[PDB]
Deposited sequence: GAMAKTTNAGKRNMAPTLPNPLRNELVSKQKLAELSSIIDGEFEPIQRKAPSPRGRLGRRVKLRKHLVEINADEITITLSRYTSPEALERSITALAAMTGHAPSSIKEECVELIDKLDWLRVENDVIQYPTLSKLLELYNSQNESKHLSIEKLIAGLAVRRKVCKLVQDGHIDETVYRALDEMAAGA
């Protein structure tokens, strides 16, 4: 009920808070997310870890075919865009999951007008 499952992202809703996890979430960022949910819910950190771990295990990486797009690719692009403007990793993940031609261009290192236009589109939406 508190959980919305997508292919690349999972969102966990607990009153005032929303936590969004992916396959790109680091173990440290996951420890903090688990403590942030435990302060809202009063649930044991052990039980929330187990659940969070099952949910990310059902998520997939971004892919140009079966070739996985890696975190430095995603972060170096986010830095490039934001030092010129805001775009969150959650919206870049969700935006690239529906833009095949853009995932290939990004994977090959061709950050052109087509890519810049996709990022403007992502930032202008939810």
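Trainee: Where are the holes in the model when you compare it to the deposited sequence?
Mentor: Unmodelled stretches: 1 to 58, 144 to 146.
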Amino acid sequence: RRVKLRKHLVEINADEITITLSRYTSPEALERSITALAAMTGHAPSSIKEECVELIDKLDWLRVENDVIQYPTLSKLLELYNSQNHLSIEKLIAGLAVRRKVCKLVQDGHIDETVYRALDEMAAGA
From here on, numbers count along this sequence of modelled residues.
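Trainee: Give the stretch, out of 111 to 119 and 17 to 25, with the larger mean C-alpha temperature factor in the deposited entry.
Mentor: Mean CA B-factor is higher for 111 to 119.
Trainee: Identify the stretch, either 33 to 41 or 68 to 76, whose C-alpha atoms have the larger mean B-factor according to the entry.
Mentor: According to the PDB entry, the answer is 68 to 76.
Trainee: What third of the chain, by the recorded C-alpha B-factor, contains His8?
Mentor: Lowest third of the chain for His8's C-alpha B-factor.
Trainee: Split into thirds by Cα B-factor across the chain's modelled residues, where does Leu92 land: lowest, middle or highest?
Mentor: Answer is middle: the recorded C-alpha B-factor places it there.
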